[PDB]
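Chains A, B, C and D, in that order, give the protein sequences. Last residue of the first sequence: 3867 (the deposited numbering), numbering continuous. Last residue of the second sequence: 3770 (the deposited numbering), numbering continuous. Heads up: the third sequence runs through residues 215 to 296, 305 to 698, numbered per the deposited numbering. Heads up: the fourth sequence runs through residues 215 to 294, 311 to 698, numbered per the deposited numbering.
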Amino acid sequence: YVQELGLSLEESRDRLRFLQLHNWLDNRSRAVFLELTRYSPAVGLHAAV
Amino acid sequence: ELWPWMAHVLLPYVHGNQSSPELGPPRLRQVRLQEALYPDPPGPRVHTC
Amino acid sequence: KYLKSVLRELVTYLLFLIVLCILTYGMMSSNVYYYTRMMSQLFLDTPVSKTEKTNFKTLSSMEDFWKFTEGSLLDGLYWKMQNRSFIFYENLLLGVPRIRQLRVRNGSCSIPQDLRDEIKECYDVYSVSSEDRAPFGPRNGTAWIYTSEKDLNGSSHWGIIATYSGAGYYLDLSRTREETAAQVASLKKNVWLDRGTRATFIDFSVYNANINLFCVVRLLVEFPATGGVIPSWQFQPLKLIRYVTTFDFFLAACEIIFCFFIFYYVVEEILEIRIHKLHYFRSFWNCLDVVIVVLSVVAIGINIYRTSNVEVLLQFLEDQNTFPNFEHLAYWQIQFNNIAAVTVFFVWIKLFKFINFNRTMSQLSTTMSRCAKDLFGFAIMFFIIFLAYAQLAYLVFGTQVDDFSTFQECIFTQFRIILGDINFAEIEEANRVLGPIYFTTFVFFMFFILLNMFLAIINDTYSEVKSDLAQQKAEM
Amino acid sequence: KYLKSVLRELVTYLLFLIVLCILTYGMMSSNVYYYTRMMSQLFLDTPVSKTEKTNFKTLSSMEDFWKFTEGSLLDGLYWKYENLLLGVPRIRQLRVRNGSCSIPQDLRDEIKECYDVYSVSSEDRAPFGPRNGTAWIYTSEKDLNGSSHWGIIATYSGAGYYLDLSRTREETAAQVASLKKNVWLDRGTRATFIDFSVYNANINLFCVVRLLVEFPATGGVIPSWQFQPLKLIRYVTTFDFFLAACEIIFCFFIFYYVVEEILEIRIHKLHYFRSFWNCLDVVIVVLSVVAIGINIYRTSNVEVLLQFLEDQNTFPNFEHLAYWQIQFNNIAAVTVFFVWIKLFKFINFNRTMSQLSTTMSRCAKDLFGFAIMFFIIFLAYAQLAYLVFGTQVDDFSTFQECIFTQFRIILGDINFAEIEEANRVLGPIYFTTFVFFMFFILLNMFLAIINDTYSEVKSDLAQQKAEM
Ligand SMILES: *[C@@H]1O[C@H](CO)[C@@H](O)[C@H](O)[C@H]1NC(C)=O
Ligand SMILES: *[C@@H]1O[C@H](CO)[C@@H](O)[C@H](O)[C@H]1NC(C)=O
Ligand SMILES: *[C@@H]1O[C@H](CO)[C@@H](O)[C@H](O)[C@H]1NC(C)=O
Ligand SMILES: *[C@@H]1O[C@H](CO)[C@@H](O)[C@H](O)[C@H]1NC(C)=O
Ligand SMILES: *[C@@H]1O[C@H](CO)[C@@H](O)[C@H](O)[C@H]1NC(C)=O
Ligand SMILES: *[C@@H]1O[C@H](CO)[C@@H](O)[C@H](O)[C@H]1NC(C)=O
């Protein structure tokens, strides 16, 4: 089960509060797996975080 | 501690006037395990899952 | 006779050795280590503020740098006497500090058209071909206007990441804290370190008249194009008013005597070229005198160059309200120290020519000389596999371990493995599969299979030499 | 016929060795170690004040010293660590005068004062400040009962400006406050000595404390300390009677041994010093005579120490006992070591031990010959490291430090994190070449020499014995 974390500060924080107070990471909850990306244009390299 | 963690460092990092190269929004794909477990005896563990 | 040739060459060399050792004792004083140690502890090892705990050598952000500049920096530079500033009530801060910035220009790199929408601007890595040269921000003073290298009397530095230039945007701080703080606050207000900055230098110097010994200080933080901050430092205790005491005159006389000895060695080595045998370079005892002579001549030339251009001190002393530019002398001092150290090492090595006074030493010398060819033959096969392991480690782990970050680091890490210093606690997580395999296989094949061949060769050669010289005596 | 003589010397030596071992086990109790550790924890580890985090080991300025002498020192000196002070503490200062330099003419107008490094030829003798008694008037070394110290920077005299504190905190604090109100620690002060004595009747063990804080010419503070416990009762149990009997027996043994040595040297008028077993005995008897002389000197002067539990007001100069008490330990340790070494003379009659000793004997000329070749390169490398890293690494700060750091590198106790950053070239070159030329080349010659000598000795011994 995956969420999108929003696109701006206000919506991101709103979503975080909404899922926190509605029992998202409260149950068994084996793992969370936060992972996004990155790009570096100065050198031309990527990074998988 | 994950909620404060995303509150103070992750959210300022993902969005803002700095660290512009991002190349895609993040994710929070979590796993369930369907087998809610009672808390284990606190302290030194057998180290086996 | 033959006793008047091997003994004259000994007495003419012992005097050279004692003169060189006198100079060596003269250079390295015991009042130098504590000077540098206290300065370093004052500037690098103090927290930027009473709340944070990040000192200079643990900077992690560009915002921490602004906490250091108006913070533990000004707290150390300016001291109230118990007007001029004495850093420890002993070390005089002479002149005014200088802070200089190196920056690049937007659009030096190209973002691909596929994702050109989200990326607005990019800044390339530092290179003199892509260095900004235009005014920025409020174009009022000299901190917002490019100035050439010739107009700063600067030079390259060879930092950790790149080799920075000597030109940039500089600003001279003040003689009192109440003005330097205002200047730095004005610099911080109108953003002066934006995303385009690539390096930032801070320079100043001190005197400490109690023992006549200057000390130049340089602090460098460089922001790579991939983010982060890399701090660096340098403290060099110069000495520019040398002729003050009697011991200085004695050392000058010793240098003159050393120059005469080098001239004598030059003539007495060129006498054995054309007057006598030529191309006699398969000896290793005449290929070492040329090295000593060349290094000594280079050291004499370097000393003459670095003591014949001292006009910076007189220029500063004429007007003592400007920045003293001592950054060039501190480079030639380092080069002179390196050359003198190597020359001393080789002069000490040359002593082996004159220890053959009995059989028990001639046997060891012959044993060392007869196994040199075999050891050289095996060292090639050893070092080929050594370099193969080094490059394998560099390509596999060289991105996430730090210890294998560069080829030299791989070589030194493998040497420390041979010493048994480093352990594989961090290699394993870098690669689960090739972590332990590399360590165990390297230890197995370079600790008691290919490392014991040197022992075998040396033991066998020594036994053979002793047997041969014993059998030679068994016919008398 | 010689077997009985061998047994005679063996039994005499065994009696001597057991007497020596029991006497040295009698002089090493476990109270001194714990007492020194607790005293150090009380006086050093405790912070200067509850609002600061700097103890005595982390002095960094003069104001910190002034805070310490009113904080932890008074706290641990008159405690609520159950020891009791005897006499009165003394605080002393050594300073130089306002000129040593021929300050350069170039910038003579900007700097007005010099205070060079400490030297007896550059020491201040005039009175300074509010001239009042002892704290502000020079007192010569002879009149001050003092002597040299050999601190960390230099060696300090015994003279200086001294003041004796009091027996109660309430006015010792007042004295220190008076010394602080006036500027008693100018820029010219080069070192400061604090010392006192304690008894701790709970466990019968005196202690002599010295605390030295010295200010180099370049600013800063280098603290140092010295705790030495003493025991000057020597009568608590009849076990001390056993120790006295053992000492008398040891004196008789040494008298007998010097008699035997003089007989054996009158038999051999010369050439008697080329056996290594006729020479070791001379070292044994010489060191034993020195030890007995030091012990009698140190036990003769005890009456001064006992008459200070009477709550009087004078400084007990116990610096002399705490020095001979250390020299006695140093001499006794070497005596015990050499006596234990001398046992090889007797167990060398077993055939295998005889073979091993012969192997050592017939390769000692090659090992010493190769040691010179080893140490020439060792000293060249050490001096190169001293010249390159001598101001930045603290392991190469002085020459003998370079020697010991290289010896530690041989075992594999290097860090290399600060050698490389000290010098990015000639830093790694030195390390790599040193490791190569020691581990791969030079340290194998010792093995080759020992192996070859052992093999040829065994072959010769077997061949010679086979003729029977
Ligand atoms: C740098 O130039 C790019 C165009 O190449 C532009 O989009 C960007 O805004 C410029 N940066 C600033 C600070 O104006
Ligand atoms: C330059 O600095 C001066 C300092 O007073 C001030 O006027 C302003 O910050 C800058 N700009 C101009 C135009 O002076
Ligand atoms: C560079 O050196 C010259 C003297 O040759 C001096 O006049 C000038 O001020 C120096 N440059 C700077 C920026 O101070
Ligand atoms: C130190 O001596 C210099 C000249 O010898 C004098 O000008 C200065 O006032 C003296 N300072 C003190 C504190 O005595
Ligand atoms: C010095 O001694 C005099 C007389 O003994 C006394 O009046 C004066 O207060 C003393 N100085 C100080 C600082 O107490
Ligand atoms: C120092 O001088 C002699 C040393 O024998 C002695 O009479 C005197 O009491 C000693 N102590 C002093 C003067 O405090």
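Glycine is no exception: its CB is placed at the ideal position from the N, C-alpha and C atoms.
Compute every distance between the C-beta of residue i and the non-hydrogen atoms of ligand 5, then say whether any falls below 7 Å.
i, result
"D/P357", "no"
"D/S454", "no"
"D/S408", "yes"
"residue 310 of chain D", "No coordinates are present for residue 310 of chain D, because the numbering of chain D runs from 294 directly to 311."
"D/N412", "yes"
State yes or no: is the beta carbon of residue i nearer than 8 Å to at least one beta carbon in chain C?
i, result
"B/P3742", "yes"
"D/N681", "yes"
"D/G620", "yes"
"D/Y345", "yes"
"D/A678", "yes"
From the beta carbon of residue i, is the nearest beta carbon of chain B less than 8 Å away?
i, result
"C/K342", "yes"
"C/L415", "no"
"A/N3845", "yes"
"C/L673", "no"
"A/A3866", "no"
"A/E3828", "no"
"A/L3839", "no"
"A/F3851", "yes"
Could you tell me whether any non-hydrogen atom of ligand 4 is closer than 7 Å to the CB of residue i?
i, result
"D/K342", "yes"
"C/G317", "no"
"D/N328", "yes"
Quick one: which chain B residues come within Cβ less than 8 Å of residue i?
i, result
"C/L473", "Within chain B, no residue comes near C/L473; the closest Cβ sits about 56 Å away, beyond 8 Å."
Could you list which residues in chain F have their beta carbon closer than 9 Å to that of residue i, in chain order?
i, result
"C/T448", "Checking the listed chains, one finds no chain F in this structure; the protein chains it contains are A, B, C and D."
List the residues of chain A whose Cβ lies closer than 8 Å to the Cβ of residue i, in chain order.
i, result
"B/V3730", "Those within 8 Å of B/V3730 in chain A number zero; the least Cβ separation is about 12 Å."
Flag residue i as yes when its Cβ comes closer than 7 Å to any non-hydrogen atom of ligand 6, and as no otherwise.
i, result
"D/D278", "no"
For a contact defined as C-beta to C-beta under 7 Å, what are the partners of residue i on chain A?
i, result
"C/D339", "By Cβ distance, chain A contributes nothing, its closest Cβ being about 13 Å from C/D339, past 7 Å."
Looking at chain D, is there any beta carbon in it that lies within less than 8 Å of the beta carbon of residue i?
i, result
"C/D625", "no"
"C/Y684", "yes"
"C/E444", "no"
"C/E312", "yes"
"C/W554", "no"
"C/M276", "no"
"C/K294", "no"
"C/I492", "no"
"C/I232", "no"
Quick one: list the residues of chain D neighbouring residue i, beta-carbon separation under 7 Å, in chain order.
i, result
"C/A431", "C331, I333, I341 and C344"
Given that residue i touches chain C, what residues does it touch there, using C-beta distances under 9 Å?
i, result
"D/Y616", "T238, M242 and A563"
Are there any heavy atoms of ligand 3 lying less than 7 Å away from the beta-carbon of residue i, as far as the coordinates show?
i, result
"C/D373", "yes"
Under 7 Å from any heavy atom of ligand 2, does the C-beta of residue i make it?
i, result
"C/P360", "yes"
"D/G620", "no"
**Q.** Inter-stretch contact at 8 Å, needing at least 3 Cβ pairs: the stretch 353-363 of chain C / the stretch 453-470 of chain C
**A.** no
Q. What residues from the stretch 323-337 of chain C come within 8 Å of chain B, judged by C-beta to C-beta, listed N to C?
A. Those residues of the stretch 323-337 of chain C that come within reach of chain B (Cβ to Cβ, closer than 8 Å) are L337.
Q: Give a yes or no on contact between the stretch 323-331 of chain D and the stretch 342-349 of chain D, applying the rule of three or more CB pairs nearer than 8 Å.
A: yes
Q.
Under 8 Å: do the stretch 548-556 of chain C and the stretch 436-444 of chain C share three or more Cβ pairs, one atom per stretch?
A. Taking a cut-off of 8 Å on C-beta distances, the stretch 548-556 of chain C touches the stretch 436-444 of chain C, as three or more cross pairs fall below it.
Q.
Tell me which residues of the stretch 3738-3769 of chain B have at least one Cβ-Cβ distance to chain A shorter than 8 Å, keeping chain order.
A. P3742, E3743, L3744, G3745, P3746, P3747, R3748, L3749, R3750, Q3751, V3752, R3753, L3754, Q3755, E3756, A3757 and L3758
Q. Given a limit of 8 Å on CB to CB distance, which residues of the stretch 624-644 of chain C reach chain D?
A. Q630, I633, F634, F637, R638, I640, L641, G642 and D643
Q: Could you run through the stretch 574-607 of chain D and flag, in chain order, every residue whose CB is less than 8 Å away from some CB of chain C?
A: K595, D596, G599, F600, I602, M603, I606 and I607
Q | Three-pair Cβ contact test at 8 Å for the stretch 3819-3826 of chain A versus the stretch 3743-3751 of chain B | A | yes
Q: Check each residue of the stretch 465-489 of chain C: if its Cβ is closer than 9 Å to any Cβ of chain D, include it; give the result in chain order.
A: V466 and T467
**Q.** Interface positions of the stretch 346-368 of chain C facing chain D (Cβ-Cβ less than 9 Å), listed along the chain
**A.** none
Q: Would you check if the stretch 480-487 of chain D and the stretch 253-273 of chain D touch, i.e. whether three or more CB-CB distances between them fall below 8 Å?
A: no
Q) With contact counted as at least three CB pairs below 8 Å, one residue from each stretch, are the stretch 312-322 of chain D and the stretch 418-430 of chain D in contact? A) yes
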